[PDB]
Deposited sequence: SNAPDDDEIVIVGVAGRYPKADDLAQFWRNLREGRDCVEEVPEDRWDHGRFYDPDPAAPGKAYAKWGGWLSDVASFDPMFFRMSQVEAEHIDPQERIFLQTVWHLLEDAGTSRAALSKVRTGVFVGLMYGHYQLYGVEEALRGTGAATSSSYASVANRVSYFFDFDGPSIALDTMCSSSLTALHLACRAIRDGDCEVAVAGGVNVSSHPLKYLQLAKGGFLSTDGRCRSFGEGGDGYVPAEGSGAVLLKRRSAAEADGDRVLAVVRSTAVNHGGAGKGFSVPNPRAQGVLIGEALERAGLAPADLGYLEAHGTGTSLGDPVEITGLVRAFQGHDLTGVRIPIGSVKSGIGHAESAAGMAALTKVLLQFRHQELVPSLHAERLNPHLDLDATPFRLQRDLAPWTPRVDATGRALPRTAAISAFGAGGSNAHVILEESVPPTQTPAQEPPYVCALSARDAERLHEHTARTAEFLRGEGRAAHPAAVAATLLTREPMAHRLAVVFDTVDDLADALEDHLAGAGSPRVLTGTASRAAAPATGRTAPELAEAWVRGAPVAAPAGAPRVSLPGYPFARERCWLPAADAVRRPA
């Protein structure tokens, strides 16, 4: 019985949800910008001469839209606490809330299974803020506890399986996925959140990375491209929800991917400390394939580590070639790209970024552009291998059998930590297994102001990428979401008319929840829509189809230690 992914969520640069992320990837968007003014005054620290001492020669990053915004009330927390904790802890909370909404579940549905939490992190820089003040006695210390990221999730969501934070550098996300799958196979838990987060909250990181000559000079990751002399740091936060295949089937979950294999290892003593070992990479990927029960012949995409380093990208290919020794390579063509070329190197969340792209490419059956490699690296010699860099937007053509019929698509994601820790994962596409009006559309939120923005965004989604939707699916999906105090309901028959109705409210009932409200006076729809608004429970018609609506629009209260302004 194999492990499946049933939900995913995240934020990446220039993308505050996965629908935007998908658009950026199709358009081949370059999401890297210069250091925003509001993080820190990068001039204090900048100097393009890499020989300059105590200075950074690069000034770019993949930035999240706002990393200071948080809804502390929602998460049972004061403002002052929120100002003193790393935004990584804060954002990953929201991410995991959105994960449950994409899976179509909730704290309460998950309360009778044992849920674990595994999250990867590699930097904790926020804690550098306020040290002088706290020592002087005029302030309180900030925290960046890794464990806190996991533990606060486990607390809030009532997950009582393992709660573990791990650092394997760039591979942390996939290591977390690895351990989460093992935790399930071994019985530590039955469901698991596996994720990773990284926020660039402090200039010191840029000084660090420049001093090591790690940063590219043009601020890009030319994944397998010519003239790549480093990478560009990127922010991010993602997570996936994991379950057994059996339990997913039984709960009528939407399966996004089957986890065929995970594997992790380390370079040992190769060329030097924190230099990549082609050999270790090959053994890793080779074992991954054998565990997967899959041949390179059947491999459909390869999401590469793809840092964009002159020497590092070759090492990665050599690595693959080694894992492919002993198999028949003739005729075989495997497309290869890296999400880093679009968003940059999201560090502890790089695997989550890479995993999500693959997840999205499965659902939309397209291969997307990998950027900045018009000219391949001259060290490469790709033509001797099966690998072809996918520079263009293309349909993801499956492969067939003897009998000429199509198979589920496959993909393979690698992530190689700078300090030697490697991870690799093998994914298979999920191929799935009606109901007639009038339907009802329930909505909830913490207060009025949030219910407004929710309704609003839900309305916009019906006009945009979600008019092609099934209105039955839209009712069921919404009825999986956790109900809150301020409620709303509207009976309807088509997407068209639902969006119609709601628009008119904005420019259709509305109530506040009541715990001892009168039960629905019968399954007939306009009786349910009332049952909601007063605050009765009502469960979706089990086994209904489902869709990705927009997640809860959290409040955006600025939380940021004031004594962090000294770097602006």
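According to the record, the deposited residues with no C-alpha atom in the structure span 1-6, 440-443, 518-523, 585-587.
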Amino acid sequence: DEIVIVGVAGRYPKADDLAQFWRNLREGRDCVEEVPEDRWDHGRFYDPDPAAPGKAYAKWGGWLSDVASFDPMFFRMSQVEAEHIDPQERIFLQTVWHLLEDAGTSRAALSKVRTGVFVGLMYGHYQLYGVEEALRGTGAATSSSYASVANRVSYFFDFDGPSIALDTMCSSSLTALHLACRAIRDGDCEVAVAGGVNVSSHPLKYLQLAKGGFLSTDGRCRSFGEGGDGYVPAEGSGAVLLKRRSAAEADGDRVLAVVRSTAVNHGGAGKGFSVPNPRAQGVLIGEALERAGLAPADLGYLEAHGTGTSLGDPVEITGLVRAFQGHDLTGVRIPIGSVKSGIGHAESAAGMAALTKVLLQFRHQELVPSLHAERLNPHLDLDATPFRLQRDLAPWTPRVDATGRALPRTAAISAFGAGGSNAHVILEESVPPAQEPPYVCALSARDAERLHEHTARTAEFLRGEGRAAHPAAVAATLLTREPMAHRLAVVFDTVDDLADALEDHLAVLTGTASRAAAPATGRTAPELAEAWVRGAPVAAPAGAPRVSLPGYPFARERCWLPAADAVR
From here on, numbers count along this sequence of modelled residues.
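361-369 and 93-101 differ in mean CA B-factor, and the higher of the two is recorded for 361-369. Mean C-alpha B-factor is higher over 270-278 than over the other stretch, the pair under comparison being 270-278 and 153-161. The residue among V67, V35, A516, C31 whose C-alpha atom has the highest B-factor in the PDB entry is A516. Each of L215, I85, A469, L427 has a CA temperature factor in the record; the biggest one is found at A469.
Among the modelled residues of its chain, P550 has a C-alpha B-factor that falls in the highest third according to the deposited record. In the PDB entry, a CA B factor belonging to the highest third of its chain's modelled residues is recorded for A544. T330: CA B factor lies in the highest third for its chain, per the PDB record. In the PDB entry, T175 places in the lowest third of its chain by CA B-factor. Sorting the modelled residues of the chain by their CA temperature factor places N422 in the lowest third.
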